[PDB]
Amino acid sequence: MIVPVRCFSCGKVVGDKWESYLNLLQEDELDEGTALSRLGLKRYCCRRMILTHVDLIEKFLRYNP
Amino acid sequence: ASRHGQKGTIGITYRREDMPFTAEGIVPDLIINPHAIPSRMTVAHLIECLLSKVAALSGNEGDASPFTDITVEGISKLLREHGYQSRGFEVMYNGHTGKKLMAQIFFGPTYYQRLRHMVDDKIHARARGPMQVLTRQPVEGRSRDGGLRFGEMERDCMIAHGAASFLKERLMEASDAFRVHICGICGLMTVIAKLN
Amino acid sequence: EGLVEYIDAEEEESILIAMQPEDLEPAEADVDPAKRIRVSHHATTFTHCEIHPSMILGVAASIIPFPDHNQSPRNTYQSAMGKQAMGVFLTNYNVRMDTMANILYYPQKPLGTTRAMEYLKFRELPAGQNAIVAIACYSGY
Amino acid sequence: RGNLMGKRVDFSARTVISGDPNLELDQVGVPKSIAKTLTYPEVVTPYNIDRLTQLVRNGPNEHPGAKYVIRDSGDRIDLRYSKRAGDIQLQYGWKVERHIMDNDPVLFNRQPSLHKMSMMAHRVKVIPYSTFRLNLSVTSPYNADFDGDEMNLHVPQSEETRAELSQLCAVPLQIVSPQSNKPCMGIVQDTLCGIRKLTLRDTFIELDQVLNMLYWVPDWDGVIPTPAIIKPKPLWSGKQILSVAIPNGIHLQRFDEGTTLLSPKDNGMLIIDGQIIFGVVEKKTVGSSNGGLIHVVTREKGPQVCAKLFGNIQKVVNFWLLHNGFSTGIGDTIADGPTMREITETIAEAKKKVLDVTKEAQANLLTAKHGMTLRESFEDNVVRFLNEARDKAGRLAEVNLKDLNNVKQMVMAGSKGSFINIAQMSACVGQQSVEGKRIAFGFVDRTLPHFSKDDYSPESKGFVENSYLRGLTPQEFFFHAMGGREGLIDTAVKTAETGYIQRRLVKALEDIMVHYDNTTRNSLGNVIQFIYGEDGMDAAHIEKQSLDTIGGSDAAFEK
Amino acid sequence: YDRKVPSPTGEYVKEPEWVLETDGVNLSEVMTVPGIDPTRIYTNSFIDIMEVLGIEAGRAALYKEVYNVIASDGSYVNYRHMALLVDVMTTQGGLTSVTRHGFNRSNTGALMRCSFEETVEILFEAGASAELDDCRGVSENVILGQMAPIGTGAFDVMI
Amino acid sequence: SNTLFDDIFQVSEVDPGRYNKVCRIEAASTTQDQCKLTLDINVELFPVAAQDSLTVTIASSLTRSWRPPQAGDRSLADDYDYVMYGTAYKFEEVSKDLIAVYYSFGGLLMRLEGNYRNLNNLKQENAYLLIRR
Amino acid sequence: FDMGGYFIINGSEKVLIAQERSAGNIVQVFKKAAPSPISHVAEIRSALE
Amino acid sequence: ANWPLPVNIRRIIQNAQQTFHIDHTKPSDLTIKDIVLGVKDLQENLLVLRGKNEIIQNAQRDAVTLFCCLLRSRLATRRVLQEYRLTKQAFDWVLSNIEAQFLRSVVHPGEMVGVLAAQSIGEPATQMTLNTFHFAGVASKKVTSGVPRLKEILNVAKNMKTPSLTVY
Amino acid sequence: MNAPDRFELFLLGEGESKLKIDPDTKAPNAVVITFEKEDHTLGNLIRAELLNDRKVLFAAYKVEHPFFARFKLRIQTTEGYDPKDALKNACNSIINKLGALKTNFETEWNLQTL
Amino acid sequence: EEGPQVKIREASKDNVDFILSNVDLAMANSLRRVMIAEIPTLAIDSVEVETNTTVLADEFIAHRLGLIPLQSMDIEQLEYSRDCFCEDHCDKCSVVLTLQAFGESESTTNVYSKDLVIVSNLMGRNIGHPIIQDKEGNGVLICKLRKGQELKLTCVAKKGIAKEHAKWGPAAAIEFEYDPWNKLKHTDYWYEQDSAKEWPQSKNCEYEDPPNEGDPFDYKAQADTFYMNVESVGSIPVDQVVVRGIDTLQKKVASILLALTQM
Amino acid sequence: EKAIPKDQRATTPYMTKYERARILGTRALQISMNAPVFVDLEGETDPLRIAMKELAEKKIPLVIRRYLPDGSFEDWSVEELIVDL
Amino acid sequence: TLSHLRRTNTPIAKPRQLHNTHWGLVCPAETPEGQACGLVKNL
RNA sequence: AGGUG
DNA sequence: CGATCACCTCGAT
Ligand SMILES: [Mg+2]
Ligand SMILES: [Zn+2]
Ligand SMILES: [Zn+2]
Ligand SMILES: [Zn+2]
């Protein structure tokens, strides 16, 4: 359910990195690890944030009203 | 709780600054005690952590499937390839002083579950309230503002203590207590209460 | 095409099952000291083979990472707990009217998964978060 | 049963319990809301009039306040409503139902209440947050932990009722238990683990920390002890700064194994006046031992003084450890490359001893001893052969574990872990049993349909060759699950039965008490014992003592 | 079996000895067998010890048994506690069980017994036999909502 | 007070029994053919190799709250490199003439045996050990 | 993601819990304890499907 | 030798040694008469039952029989001098300290001794794990233990599961 | 629910004053200052700087419970020296070090390129 | 200059690597702490929800809004609302933001921090401008809208510190290391065979000399020279995180010095 | 009837724990209800602390009726009873 | 939910025990602790 | 019933 | 004629 703003552990803004990550995976066709590092997510607390996120909102938006 | 039979309540909440910290500046979201490990023998918990650390670093999903040839060595080999000490240990500095802890901490990511059973849904206190019609005793349940049961098992501890009056207070002043009239002849509750 | 068959405990009585396709039926003639010790092919008069011994487990247990490295009761205890754990129970949650519904704000797909989780739809509807955790004696709280 | 022997009661609270290292042994951490709910009827006397009047002014929503004012004629003044809630000019003889305040005695409990120690009087400490807070050392008598346990709290309503709690039920009084004639509380977990670490010969602390540690002790005399070292740096040993928590006039001697007054291994224990001379402080000293510091201090210095001792030791050790740190990794289960080889071949030669004994049984060369079956003897042998393997394999691991091994460290302190734990986690799990026999042939002449018929081999009948580190195979896994289940099965069936036993015992002995003639009589005044326990001594005031006229040689008795 | 027996020089010595262990009980007959120590013969059947040797011996074996359950568990309970229980079952002359058949049938107060088991029927026979309840018991005072003659209430306080 | 005992010892063996800062020393006096010493030394602060020749001194001089030395003008009774403060715990006589004394320096143990110890080493919470070269 | 397998009775979702019973028409032999006169018994829980 | 008894004499002695600063190098100011007769007096003062009559007098004598065995073995003339190196002052204090601690050690009338016993047995019974035994590895060591055995005992089991007869 | 307001960590209440000076009973020329609404950030920093003063015999601080922001600082000085002066000088020494640090960082920052 | 010494290794718009030589660990840490928790910033501290026909809950959004970085450059020329004499908020103590979004398009509509609009009187001070570091020019995805979906709300951004709520930290992780050789012997390494082989070398080892094999332990040595890396969220620039850090610390020490004068 | 004379008394000369708790309790109850204090207060306000001092200074005018198992009793004043403990 | 829909109940020699024959049919772990331990099974 | 210890 | 203590929650008639 939607990309968290900021990493719970440290605070680095991650809420602006999602769409960018998705283009890096789909359009650039790179692997998650190189995708995360290209966005500038050096620490593993910041890595799990995006890598471990499930974007349930896309499914929720499918609900008619 | 973790996915390894490790249930535990929040003891206290520390902000980022008071928390122990990595040379990288990483800080735990959670601190679990070493004493929860030896007797419980939940080794997979420790392995999940090693794997999950490697997984977050490399940007891959860790294969924690049972009957596989995934070894602690194999994982350790990959974690070191990421410039970390192979067994999950990390040098950590004290949040209060900045001084390095003499001990290195097994630090890394572990999948933790938020369970039900939350203090606020459990807390109850009663100091006089609703009384059941028949028994004239405090009602039952938090949802009804009930009285905590002081069972016979509890009555026993008080007898053991030799606290004769507290035991009388629990069963009279708090809870029950009623004034009846007795006939000196038959000794029954036949005396008609015509007070005033 | 009869490449797979349905067996109950009654028929199980009369058959010889291999645990793995490979390690249980190739040939015979150094090792990895890290890897666990497995017996052998030995009894070689097989009629069947196990699809996957991970399949001996059900839903709640199929969620545990490496239960094969855990004490048997901890695996039972966890199975009870996972059912008390919050998460996105269903995508339609907003449209339902249930007596109590606990939904996690930012659920996370675990960094440590089981192959069985793919079928259990766990990484699509998770029930927990990947917390950065330190095993340590701190303030003693 | 549910309305006369027991009943639901007013002035009772309950919540989730949590641990507090900054709380006193005899204290109880009560949430503000709870303190604000539960009240004590306090009669207006010139002694309290000023405080009571003010508390009535604070009202029911501000904490050190009250709800209800009881005047003569009977009527209650509800402080939450009432137009005169701000008015109220109190009179002596009126009662003020004031909120529960710091230091009030309260009856604290945890179910099942199978002990007099499961119910104790604690000193109130009104604190924020929703959990009841308690000192880790009061955990054991209640048999509590913080995995989600809930505790009950009761409030005395009379002056005599609160006297009964403080004079009979108080936590410091319950320290030395009559059940086992030893204490029922001691130093546990981080404090037990840290104390060992702090107490080593190697452990040396500098001024900066020394002073902080010294200050942390509240009773501190204010005197900086002369450091044990005044060489190219002043250094205080851990023993030194910890001996500050121990009071004066305290003497303790032990002798473990190699203890020789020169204690080369730093074993045994020697405390003179109140300074630890030698010996690493672990469970034997600081646990709930028969001849422990606690038993000694309660007897020598008093209940309320020994209660202080917990806090003092806690405060130093907790702090020192907060700064030293301690952890447990996956590395603490890893045993040497060469150690694993030996463990592996240990199990391999056990496997052969089993195979040969089997080969022997099959040849009719096996002869069973009088009283048992040819098969009974075989199984009894194999089971023994295989247990020896696990014990030898685990011992090989324990030996390889360094003094820096965090699991070994806990075992050494006595905080958590025993041999088995080391063994099963790092060397070999071992044989699994059900109904006290190795894995049975559930299928016809086989344990699993992966085996052939009549296979009495270790692997087939439930021997777990692997350690939790290596990982269990599907068969091993299932077999361990079968054994594992058996545990949970009786665990359950025990409590339903042990509970009934407890009741019956209690019911049968309810009325047995010591009368004013040292005689032990029932409700009929029938003699049970003429002298209680045959000596007329209270169980808590007793302790194991060596009678020196019984043992020794006739020659040594003479000398 | 291992035995702690004193040596001729004074010190207690570890001298091993042969001991027979039986499946079944016939104490009366086995103790009269020539070649044994009839002073030392034992049985886990405390009831058989009671019938053959007497109530006092039965009491010694009854404790030895209770003790042995606690001991085998690794636990330790002070003598006085099991001593008491054992005496309670013993003082009656025979072996009164810790059940409704045993202690609950005793000459104790009608209200104090009805609190354990057979609740209504205890009060029923109390009515017919026209029982007078002593009110010296804990249970009766607990029911009667009075300060029981327990510790604090085991004496009267006067001016 | 002043010195209670002073001697030059010859180290024979040095052992770190599962310790990294501490070592138990074994030495006999170069003068007296019976006078021995067994003592725990902090080899991190002052190392001791085997066969070393050290000068040992038991004093009782240079009681109230400890004050940091403060070089200002404070001159302590040492031209030494290693100093410890401890307590006497046992005065065991090893028969006839031979007598031993037990000292603990916050748990760093010391046993010294001979005969001429006498009226000097008494039951005192006071005891200073001093080592040089 | 819903899997079904349940019912909806007066708005509430109901799960019928699978009930474990001993199979019928099966012959089974059992030894009988010491005070009993019959040493062994052969049983058949016969029923019509 | 080791048995739970009131008044830890060892500690009392240790306390006297520290308090009075006992010097093992100086001869004691005691007498054989002071020790021998002193201990004999202390014994007469270890009260449990205050009745001046014969029955109660012997009941009292019986109750202190074992503790006096300890007292005598510990406070023997050779031991008081050779071992402890006590002084008349330290010795006199030891005597009065034992008497006081003994009277403190005595059970209090009103003590709910019955409930105490029941709970003292009941609590460790719930703590009992394994209805089986640690003897499970051996064949001729299989006797009913744990909660089932404790159940057999309390119920006064006419037909116990493992009736055994140990012959000497 | 029973959780206190987060501003209570840095905001003083009614009646609550920052410093509370209390003469120590156990030792001469010793004082116990109670810093209100202040954690380890100030405690440890002041305690470490007091240790630099040669005329300071003792300096140790403590956070008696983590729920509350307050901390206790014990200072013992030599005769003639008031511990309130020891605290004063310690505080100034800190300011002077911090002042220097600010300028030094600024001079370096203005050299960098990015 | 005089006391503590600084040597900037690398500097960027978001990070500062530097060496803090001639300083005490107590100061190094107190600075590290105060950087994390006590530098005041500006963050949304009130959400007035006019309309919410969205997938997400009001508070769920309100919470994310608080987490959005806002320009905190001239935060010192803005009052803490508690100190302000106004009833509630004003221009001297707050900044008012507006979020109006509606899914006009068939395709999924996205809501960004760029979509927040300042309504308050700014009075020429660098404040409340949502921090955008995103390449496309729209930082932080607040929400996603379908079609009929609309979100109308109003934000009151206020002055505050992380010590009250984590949203107020100009924060991010601060790297902190001293003595990369354990010459101080401040930590005892856990090993299996070799500590040196099993523990990886820190990049800061290059800036120091190894223990030099058979050398006696330097007991008297104390911790000075600390390797740090301050990362900024964006609200306040890097220099200012450290500069304000030192400043807050001076200010809080000065308050004690001042509290002594009052008594 | 029944009673036992002051001379000839087998009961403990020392006060029991149950005896003092009931005593301090009863005395505290009286103090709380504005009864006169038989000891000088040292800035004391708590009814139990005052009862504790009144016992410490042996000025509690209460007597314990020690019932024996036959029914007979022995009257022991707080003044005579030894409060060792 | 999935777990609930795959539950077994056994009303009323050793039914609570994980039998050999349960292999690959009923879960070796998933069972309630106490009261109905080993009577409530999961597929 | 469904669960918490 | 028995058959662990206490505690929560639900929806039933
Ligand atoms: Mg628990
Ligand atoms: Zn991060
Ligand atoms: Zn009538
Ligand atoms: Zn304003």
# chains A, B, ... in the order shown; residues from 1 in each chain; ligands from 1

call {"tool": "residues_near_ligand", "arguments": {"ligand": "ligand 3", "cutoff": "6 Å", "atoms": "only C-alpha atoms (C1' of nucleotides) and all ligand atoms", "output": "number ranges by chain"}}
result
B: 183, 185-186

call {"tool": "residues_around", "arguments": {"residues": "residue J:22", "least_positions_apart": "4", "cutoff": "8 Å", "atoms": "only C-alpha atoms (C1' of nucleotides)", "output": "PyMOL selection string"}}
result
chain J and resi 3-5+224-225

call {"tool": "residues_around", "arguments": {"residues": "stretch 37-48 of chain E", "least_positions_apart": "2", "cutoff": "8 Å", "atoms": "only C-alpha atoms (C1' of nucleotides)", "output": "PyMOL selection string"}}
result
(chain E and resi 25+27+31-32+35+50-52+58-59+61-62+65+95) or (chain H and resi 156+158+160+163-168)

call {"tool": "write_last_selection", "arguments": {"atoms": "C-alpha atoms", "output": "short mmCIF file (atom, residue, chain, number, x, y, z; two decimals), in the first residue's frame"}}
result
data_model
loop_
_atom_site.label_atom_id
_atom_site.label_comp_id
_atom_site.auth_asym_id
_atom_site.auth_seq_id
_atom_site.Cartn_x
_atom_site.Cartn_y
_atom_site.Cartn_z
CA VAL E 25 4.25 -57.69 45.75
CA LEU E 27 5.94 -58.73 51.26
CA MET E 31 10.40 -61.25 54.18
CA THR E 32 10.32 -64.75 55.80
CA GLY E 35 19.07 -65.60 53.30
CA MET E 50 1.00 -50.48 56.38
CA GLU E 51 -0.69 -53.96 56.49
CA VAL E 52 2.53 -55.96 57.30
CA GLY E 58 3.37 -47.10 56.52
CA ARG E 59 3.84 -43.37 57.38
CA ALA E 61 7.15 -45.39 53.48
CA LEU E 62 4.34 -42.92 52.55
CA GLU E 65 7.36 -42.22 48.33
CA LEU E 95 -4.49 -44.48 55.04
CA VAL H 156 -4.25 -44.42 47.88
CA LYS H 158 -5.18 -50.20 45.57
CA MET H 160 -0.58 -49.34 41.36
CA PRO H 163 4.39 -52.50 42.25
CA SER H 164 7.99 -53.36 43.19
CA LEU H 165 9.76 -55.13 46.08
CA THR H 166 13.43 -54.22 46.73
CA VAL H 167 15.18 -57.09 48.52
CA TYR H 168 18.44 -56.76 50.54
#

call {"tool": "atom_distance", "arguments": {"atom1": "atom CA of residue B:195", "atom2": "atom CA of residue B:174"}}
result
25.1 Å

call {"tool": "select_by_dssp", "arguments": {"residues": "stretch 50-137 of chain E", "states": "helix (DSSP H, G or I)", "output": "count of residues only"}}
result
52

call {"tool": "closest_residue", "arguments": {"among": "E:26, E:152, E:78, E:7", "to": "chain K", "atoms": "only C-alpha atoms"}}
result
E:152

call {"tool": "residues_around", "arguments": {"residues": "residue C:82", "least_positions_apart": "6", "cutoff": "8 Å", "atoms": "only C-alpha atoms (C1' of nucleotides)", "output": "mmCIF file with C-alpha atoms, in the first residue's frame"}}
result
data_model
loop_
_atom_site.group_PDB
_atom_site.id
_atom_site.type_symbol
_atom_site.label_atom_id
_atom_site.label_comp_id
_atom_site.auth_asym_id
_atom_site.auth_seq_id
_atom_site.Cartn_x
_atom_site.Cartn_y
_atom_site.Cartn_z
ATOM 1 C CA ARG B 3 8.467 -16.262 12.421
ATOM 2 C CA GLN B 113 4.972 -9.664 12.873
ATOM 3 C CA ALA C 60 0.929 -21.615 8.646
#

call {"tool": "residues_near_ligand", "arguments": {"ligand": "ligand 4", "cutoff": "8 Å", "atoms": "only C-alpha atoms (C1' of nucleotides) and all ligand atoms", "output": "PyMOL selection string"}}
result
chain J and resi 79-81+83-94

call {"tool": "residues_near_ligand", "arguments": {"ligand": "ligand 1", "cutoff": "10 Å", "atoms": "only C-alpha atoms (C1' of nucleotides) and all ligand atoms", "output": "PyMOL selection string"}}
result
(chain B and resi 7-8) or (chain D and resi 143-150) or (chain M and resi 4-5)

call {"tool": "write_last_selection", "arguments": {"atoms": "N, CA and C atoms (P, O5', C5', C4', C3', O3' and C1' of nucleotides)", "output": "PDB file, in the first residue's frame"}}
result
ATOM      1  N   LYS B   7       7.506 -14.585  20.648  1.00  0.00           N
ATOM      2  CA  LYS B   7       6.549 -13.559  21.097  1.00  0.00           C
ATOM      3  C   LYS B   7       7.157 -12.714  22.210  1.00  0.00           C
ATOM      4  N   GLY B   8       6.904 -11.412  22.142  1.00  0.00           N
ATOM      5  CA  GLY B   8       7.418 -10.447  23.102  1.00  0.00           C
ATOM      6  C   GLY B   8       6.817  -9.062  22.990  1.00  0.00           C
TER       7      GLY B   8
ATOM      8  N   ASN D 143       6.335 -16.401  38.687  1.00  0.00           N
ATOM      9  CA  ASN D 143       6.613 -17.214  37.492  1.00  0.00           C
ATOM     10  C   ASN D 143       6.103 -16.464  36.268  1.00  0.00           C
ATOM     11  N   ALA D 144       6.530 -15.211  36.209  1.00  0.00           N
ATOM     12  CA  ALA D 144       6.177 -14.299  35.156  1.00  0.00           C
ATOM     13  C   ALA D 144       7.359 -14.077  34.220  1.00  0.00           C
ATOM     14  N   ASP D 145       7.019 -13.593  33.032  1.00  0.00           N
ATOM     15  CA  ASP D 145       7.865 -13.141  31.942  1.00  0.00           C
ATOM     16  C   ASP D 145       7.011 -12.120  31.175  1.00  0.00           C
ATOM     17  N   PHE D 146       7.609 -11.431  30.217  1.00  0.00           N
ATOM     18  CA  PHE D 146       6.933 -10.365  29.522  1.00  0.00           C
ATOM     19  C   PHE D 146       6.534 -10.684  28.076  1.00  0.00           C
ATOM     20  N   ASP D 147       6.198 -11.974  27.771  1.00  0.00           N
ATOM     21  CA  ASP D 147       5.714 -12.353  26.427  1.00  0.00           C
ATOM     22  C   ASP D 147       4.217 -12.033  26.181  1.00  0.00           C
ATOM     23  N   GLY D 148       3.626 -11.230  27.062  1.00  0.00           N
ATOM     24  CA  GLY D 148       2.224 -10.842  26.988  1.00  0.00           C
ATOM     25  C   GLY D 148       1.389 -11.198  28.205  1.00  0.00           C
ATOM     26  N   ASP D 149       2.066 -11.572  29.334  1.00  0.00           N
ATOM     27  CA  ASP D 149       1.440 -11.964  30.609  1.00  0.00           C
ATOM     28  C   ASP D 149       0.655 -10.781  31.184  1.00  0.00           C
ATOM     29  N   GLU D 150      -0.411 -11.071  31.944  1.00  0.00           N
ATOM     30  CA  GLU D 150      -1.221 -10.037  32.599  1.00  0.00           C
ATOM     31  C   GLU D 150      -1.249 -10.269  34.102  1.00  0.00           C
TER      32      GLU D 150
ATOM     33  P     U M   4      -3.601 -18.109  21.306  1.00  0.00           P
ATOM     34  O5'   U M   4      -3.647 -16.880  22.305  1.00  0.00           O
ATOM     35  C5'   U M   4      -3.825 -15.520  22.529  1.00  0.00           C
ATOM     36  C4'   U M   4      -3.399 -15.022  23.883  1.00  0.00           C
ATOM     37  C3'   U M   4      -2.555 -15.957  24.707  1.00  0.00           C
ATOM     38  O3'   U M   4      -1.263 -15.822  24.163  1.00  0.00           O
ATOM     39  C1'   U M   4      -4.218 -15.156  26.057  1.00  0.00           C
ATOM     40  P     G M   5       0.032 -16.592  24.684  1.00  0.00           P
ATOM     41  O5'   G M   5       0.499 -15.576  25.829  1.00  0.00           O
ATOM     42  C5'   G M   5       1.481 -15.918  26.794  1.00  0.00           C
ATOM     43  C4'   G M   5       0.962 -15.843  28.217  1.00  0.00           C
ATOM     44  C3'   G M   5       1.411 -17.009  29.080  1.00  0.00           C
ATOM     45  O3'   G M   5       2.714 -16.832  29.566  1.00  0.00           O
ATOM     46  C1'   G M   5      -0.885 -16.564  29.454  1.00  0.00           C
TER      47        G M   5
END

call {"tool": "residues_near_ligand", "arguments": {"ligand": "ligand 2", "cutoff": "7 Å", "atoms": "only C-alpha atoms (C1' of nucleotides) and all ligand atoms", "output": "PyMOL selection string"}}
result
(chain A and resi 7-12+43-46) or (chain J and resi 173)

call {"tool": "write_last_selection", "arguments": {"atoms": "C-alpha atoms", "output": "PDB file, in the first residue's frame"}}
result
ATOM      1  CA  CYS A   7      13.080   5.068   5.628  1.00  0.00           C
ATOM      2  CA  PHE A   8      11.670   3.992   9.072  1.00  0.00           C
ATOM      3  CA  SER A   9      15.206   3.281  10.442  1.00  0.00           C
ATOM      4  CA  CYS A  10      17.251   6.348   9.270  1.00  0.00           C
ATOM      5  CA  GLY A  11      14.865   8.836   7.630  1.00  0.00           C
ATOM      6  CA  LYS A  12      16.341   9.279   4.089  1.00  0.00           C
ATOM      7  CA  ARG A  43      22.337   1.298   3.275  1.00  0.00           C
ATOM      8  CA  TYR A  44      20.314  -1.888   3.657  1.00  0.00           C
ATOM      9  CA  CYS A  45      17.712  -0.186   5.856  1.00  0.00           C
ATOM     10  CA  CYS A  46      17.007   2.107   2.853  1.00  0.00           C
TER      11      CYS A  46
ATOM     12  CA  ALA J 173      21.944   8.696   8.810  1.00  0.00           C
TER      13      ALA J 173
END

call {"tool": "residues_around", "arguments": {"residues": "residue L:17", "least_positions_apart": "6", "cutoff": "9 Å", "atoms": "only C-alpha atoms (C1' of nucleotides)", "output": "count of residues only"}}
result
9

call {"tool": "interface_residues", "arguments": {"of": "chain J", "to": "chain D", "cutoff": "10 Å", "atoms": "only C-alpha atoms", "output": "ChimeraX atom specification"}}
result
/J:186-193,219-220

call {"tool": "select_by_dssp", "arguments": {"residues": "stretch 12-76 of chain K", "states": "strand (DSSP E or B)", "output": "list in words"}}
result
residues 14, 63, 64, 65, 66, 67, 73, 74, 75 and 76 of chain K

call {"tool": "write_last_selection", "arguments": {"atoms": "N, CA and C atoms", "output": "PDB file, in the first residue's frame"}}
result
ATOM      1  N   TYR K  14       7.588 -13.661  73.744  1.00  0.00           N
ATOM      2  CA  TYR K  14       7.830 -12.901  72.534  1.00  0.00           C
ATOM      3  C   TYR K  14       6.521 -12.766  71.763  1.00  0.00           C
ATOM      4  N   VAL K  63      -4.281  -5.518  74.946  1.00  0.00           N
ATOM      5  CA  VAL K  63      -3.934  -6.845  75.475  1.00  0.00           C
ATOM      6  C   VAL K  63      -4.372  -7.960  74.504  1.00  0.00           C
ATOM      7  N   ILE K  64      -3.493  -8.948  74.290  1.00  0.00           N
ATOM      8  CA  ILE K  64      -3.737 -10.091  73.405  1.00  0.00           C
ATOM      9  C   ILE K  64      -4.355 -11.250  74.200  1.00  0.00           C
ATOM     10  N   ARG K  65      -5.539 -11.726  73.767  1.00  0.00           N
ATOM     11  CA  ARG K  65      -6.192 -12.875  74.388  1.00  0.00           C
ATOM     12  C   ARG K  65      -5.807 -14.113  73.559  1.00  0.00           C
ATOM     13  N   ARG K  66      -4.753 -14.816  74.019  1.00  0.00           N
ATOM     14  CA  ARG K  66      -4.208 -16.008  73.383  1.00  0.00           C
ATOM     15  C   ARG K  66      -5.072 -17.170  73.730  1.00  0.00           C
ATOM     16  N   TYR K  67      -5.893 -17.602  72.770  1.00  0.00           N
ATOM     17  CA  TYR K  67      -6.759 -18.748  72.977  1.00  0.00           C
ATOM     18  C   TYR K  67      -5.973 -20.040  72.813  1.00  0.00           C
ATOM     19  N   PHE K  73      -7.694 -19.391  77.709  1.00  0.00           N
ATOM     20  CA  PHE K  73      -6.924 -18.268  77.178  1.00  0.00           C
ATOM     21  C   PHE K  73      -5.922 -17.668  78.168  1.00  0.00           C
ATOM     22  N   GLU K  74      -4.912 -16.940  77.641  1.00  0.00           N
ATOM     23  CA  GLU K  74      -3.875 -16.248  78.415  1.00  0.00           C
ATOM     24  C   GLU K  74      -3.787 -14.794  77.939  1.00  0.00           C
ATOM     25  N   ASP K  75      -4.004 -13.836  78.851  1.00  0.00           N
ATOM     26  CA  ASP K  75      -3.960 -12.407  78.527  1.00  0.00           C
ATOM     27  C   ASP K  75      -2.555 -11.818  78.675  1.00  0.00           C
ATOM     28  N   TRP K  76      -1.971 -11.365  77.552  1.00  0.00           N
ATOM     29  CA  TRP K  76      -0.631 -10.781  77.494  1.00  0.00           C
ATOM     30  C   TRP K  76      -0.708  -9.367  76.953  1.00  0.00           C
TER      31      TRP K  76
END
